[PDB]
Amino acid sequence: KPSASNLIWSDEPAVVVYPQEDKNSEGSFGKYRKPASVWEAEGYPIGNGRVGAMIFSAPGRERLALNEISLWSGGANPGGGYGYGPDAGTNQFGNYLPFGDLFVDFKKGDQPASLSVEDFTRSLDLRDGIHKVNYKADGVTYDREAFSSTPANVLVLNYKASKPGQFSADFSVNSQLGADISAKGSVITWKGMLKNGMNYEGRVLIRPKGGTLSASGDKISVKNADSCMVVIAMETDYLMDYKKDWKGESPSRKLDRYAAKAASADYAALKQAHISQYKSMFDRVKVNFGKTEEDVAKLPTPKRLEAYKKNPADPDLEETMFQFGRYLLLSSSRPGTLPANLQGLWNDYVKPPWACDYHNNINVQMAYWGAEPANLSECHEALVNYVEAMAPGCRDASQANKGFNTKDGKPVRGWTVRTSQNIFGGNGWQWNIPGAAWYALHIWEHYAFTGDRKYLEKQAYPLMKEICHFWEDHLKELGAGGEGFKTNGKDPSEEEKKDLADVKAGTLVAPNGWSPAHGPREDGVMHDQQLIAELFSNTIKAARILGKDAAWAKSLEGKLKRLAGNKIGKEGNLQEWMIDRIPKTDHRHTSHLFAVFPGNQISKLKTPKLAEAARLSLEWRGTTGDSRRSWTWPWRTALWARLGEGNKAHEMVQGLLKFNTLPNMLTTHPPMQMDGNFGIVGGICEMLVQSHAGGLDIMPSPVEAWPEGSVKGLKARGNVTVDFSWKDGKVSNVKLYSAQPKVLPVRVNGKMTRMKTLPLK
């Protein structure tokens, strides 16, 4: 019997096509028409934070769409444009690129093997992070295994058979970038230099047991082998340092230091080291939402999803969805490497949607919503190190914009970002003015969840203060009654001026802001005011914790108190602008709800009137049309949970699975966008534990779809690990762990208590 959770599998062979459309037969496409549709829905991903593959397993052929997180076109992009493509130069924005493909054409003898076999299954086992394939043919049981090893820093494949000498396959390497491919001995090497100057090189090392190996052309033929281990190594010359012009040691020199050593190891030792390392991150969080009926839990993932759309009652599938997001984050974000982009690190497009880049409008943030609460804190370091490394480029583009100039005609202090960012300090497309403030929330929350004072002083606080310096220069002061208020560049009408009657002189507002996705360009947009208030408050807290800059922090506290705050509209909704406009109930964005999540300003415990207004705004929002996005469901899940609506929050988990989830459990915008997989981790975490409103809140509101369950290993602010179970309407077995003894205010079962922490194990 198959596992009811933590296992994504299918009894149907994956559709195997070349990414180049003209290279496939019509039969090879299956039900699809485009090779990008095949890639996003059929592949199973593996990764170790730097190298990964989307796996397409079939009895006759196998495709591994390879990736290295640093393979990027483009460059500094001084013009601030959004041009990309595989030939984008240093003057263009660029995009994440596919490293290549490994095609395995299995053979019986000298003829191709059968395409249909018996009892075929392909599986991605989240319990050990291994892609597994199994089938039978002519009385022989074949088995394949694949994973991305962190300790070995390579991809490891292994093909076995129940009878000796029954493995034969042809290994070839495909490239969409015109790479120079050559096969000599037992290694296929492909390499190239992008138009922007970055060098890359990959190597496929073939290590069979028995049989004969031959390198004919640019392929390698294995015949009548007992088994076969394959090692895939990929490097670029990228270095996350602007001072070195983003160039480090050559990829060939790096591969010469470990690639052959990994291929010389015994496969059982590589797999043992991978499983041990992988479980050290995956097993940190265990969760159980209930039991699914065995008739449903035995279905393969594509059929189980179709069953979910008709009957969305599958707690074990939702646990798989939750853990899959943790799996994907740990497989694409590690300290020392680049952060996860729009698609984690998996991409076969030469020209991807939105350049598969770093979108700071929400996607990159969402990618790391579950990093802290789901106990993957070191994955968050990739984002902070990246924001710090990209900062010199952001200062260049920010200071070059005269629209940011201060009142004295001088360039602005600090920096902010455009909507899109690459890995060379380049910024693309429109300006995202409060974007750097959003990064500062992530910068702070990493300290808030770990208590790492060294991190706060050495890296976090210097970045936060600089981002504060930008807003000290850019903030605009309004007179009494909002004298200088401007909307769309023009003064307020007589009716609009009535909403500004209570505006006190000296009020600070973000000038000429924009509430994401609609509305006029207008001062004091709630979205911007909430982000800046969160930035000033967290920076003042960091200064106090560090005992630093007492005079400046005292001044920033003054400015914080003068920032235009939230208002409740005449209809009871939380206002989105300083102008009490009619609620945009048909809109898919709730940008003025940032203060509820991921911001920490509005809460039912501390601000009950504002929280009721925010709940009204969300209640009047629909879940149809363009609201069915990969990023809408997880944001709305966390919002409903923080407003005390566990049932409404669970309905957004159902919506993500019903309308924006592919048969391989990857979330789709459309097309495939991993922000849904990432963000739903943070959303479900808020349904279980909240630690932002002055203490621990254990399951603040019940979830009728989860009548009985338990969780272990969730993280709370203050570096506290939380374990508990629940049955009926009550929570029991609450255990709090920390490195040092602590007493926390804990709200549980509708009662406010204080609890002591136990020693962490």
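All residue numbers are counted from 1 along the displayed sequence.
Peer 1: Which is higher on average in the deposited entry, the C-alpha temperature factors of 273-281 or of 111-119?
Peer 2: If you average the C-alpha B-factors of 273-281 and of 111-119, the larger mean comes out for 111-119.
Peer 1: Mean CA B-factor: is it higher for 146-154 or for 181-189?
Peer 2: For C-alpha atoms only, the mean B-factor is higher in 181-189.
Peer 1: Which listed residue, 608, 428, 248, 683, has the largest C-alpha temperature factor in the record?
Peer 2: Reading the PDB entry, the winner on C-alpha B-factor is 608.
Peer 1: Checking the record values for 493, 654, 385, 573, which has the greatest CA B factor?
Peer 2: Among 493, 654, 385, 573, the highest C-alpha B-factor in the entry belongs to 493.
Peer 1: Divide the modelled residues of the chain into thirds by Cα B-factor and specify which third, lowest, middle or highest, holds residue 315.
Peer 2: Its C-alpha B-factor belongs to the middle third of this chain's values.
Peer 1: Could you place residue 616 in the lowest, middle or highest third of its chain by Cα temperature factor, using the values in the record?
Peer 2: Tercile = middle for this residue's CA B-factor.
Peer 1: C-alpha B factor of residue 468, ranked within the chain: lowest, middle or highest third?
Peer 2: Tercile = lowest for this residue's CA B-factor.
Peer 1: Would you mind checking where the Cα B-factor of residue 206 ranks among the modelled residues of its chain, as the lowest, middle or highest third?
Peer 2: Ranked within chain, residue 206 CA B lands in the middle tercile.
Peer 1: Should residue 718 be placed in the lowest, middle or highest third of its chain by the C-alpha B factor in the entry?
Peer 2: Middle third.
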